[PDB]
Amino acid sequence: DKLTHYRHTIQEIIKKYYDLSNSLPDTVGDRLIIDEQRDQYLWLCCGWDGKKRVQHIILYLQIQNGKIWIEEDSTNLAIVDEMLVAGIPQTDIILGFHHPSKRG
């Protein structure tokens, strides 16, 4: 019930930001990797910038122990603002990217 809502919200949010970024197969291109079974939601870019290999995680979220872990954020917390608007309590949102020491 709660997890269904949390899943729907993450997918809509990640899809919004992915589409906002992008409106040959080797130029740096964005890829969305959504796994509903494992609750893993990731947006990366991959390709070549001349001779330089590009392989960079832009946005990464997961659901574990009924909470949303923001592992990588490209939005300056705009995604967290959207989660709060979607009724997700802040205690169910963890900032994986900021060290455990700063949360307790």
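Sequential numbering from 1, following the sequence displayed.
- Missing deposited residues between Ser23 and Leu24: 10 or more, all without coordinates in the entry.
- In this entry, 14-22 shows the higher mean Cα temperature factor of the pair 79-87 and 14-22.
- Per the deposited record, the Cα B-factor of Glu36 falls in the highest third when ranked against the other modelled residues of its chain.
- In the deposited entry, the Cα temperature factor of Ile57 places it in the middle third of its chain's modelled residues.
- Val28: CA B factor in the highest third of modelled residues in this chain (values from the PDB entry).
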